[PDB]
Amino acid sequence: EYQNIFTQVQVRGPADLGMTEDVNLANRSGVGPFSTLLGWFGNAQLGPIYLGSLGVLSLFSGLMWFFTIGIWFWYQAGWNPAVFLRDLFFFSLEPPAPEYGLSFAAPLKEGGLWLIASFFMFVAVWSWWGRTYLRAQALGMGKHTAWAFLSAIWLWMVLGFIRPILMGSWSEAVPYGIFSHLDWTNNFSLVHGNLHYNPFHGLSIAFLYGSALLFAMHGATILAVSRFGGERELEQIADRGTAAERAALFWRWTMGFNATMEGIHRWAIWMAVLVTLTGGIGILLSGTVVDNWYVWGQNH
């Protein structure tokens, strides 16, 4: 039995330059090379990519963030390349100390540099959000991508900007470091009385686990009916075929109910966005409204 996990025979033709619609073709690059490697698992074509003002701004702004953290790591490493690679995961760019509160007057080496990096990351992420909206608009598509992205932006905004402000101190934000931001995560829970007892944190976990549950279900389902062309989901929505019927009947016979080819993608988008939507709430309430989740939990 062939399982359809990897392509058996790759085929290649003239590159696909894509749909035009109202896309400004001046800002599309040329086509890149084909990747036989990727062709075993998906499409082998690379590019073209669209690159307008927002993309350039996001890209440049994102590299300034990267470079800002970088020079700080080279400074912590005493400019020694050997020390740099040894302690790469231990370096950390920390926010201003509590003393500075919400002031931008922290000297560079005491959180001033963290504030600059956060500015570039802020500009890079939001300009990239505007990018996901206008790319869909230019093709006449719905804005479901930009809205799902807001859910992730929400948690990032709460962690590093909204909550620190409500707490009145930048020191409450997360540091830039591999190991350092893990330690921050562990201390955040210990300080707030065990996040296991933050109900929004438990909800967030149910949706994280549930996203892996649902994508395994959905991926496996579409591959099991790919012998009926089930992956061509848009035309299955406009003209139900035996692929969509067998898929629905498998799950109805298994657990008693089922989705449609379109409806399953609404289950999916909500399962995923609810992860960061509930999580952002749980963090925003920690330290502002609830000091100890375990103790709070025993009264409710």
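The first residue of the shown sequence is 1; numbering continues from there.
In this entry, the higher average B-factor at the C-alpha atoms falls on 82-90, of the pair 82-90 and 183-191. As the entry records it, the average C-alpha temperature factor is higher for 60-68, out of 60-68 and 249-257. As recorded in the entry, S169 carries the highest CA temperature factor of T221, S169, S211, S151.
Of the candidates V225, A77, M141, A124, it is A77 whose Cα B-factor is highest according to the PDB record.
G202: CA B factor lies in the middle third for its chain, per the PDB record. Ranked against the other modelled residues of its chain, the C-alpha B-factor of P107 as given in the entry falls in the highest third. Ranked by Cα temperature factor within the chain, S53 sits in the highest third according to the deposited record.
Remark: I281 belongs to the lowest third of its chain, ranked by C-alpha B-factor as recorded. The entry lists a Cα temperature factor for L159 that places it in the middle third of the chain's modelled residues.
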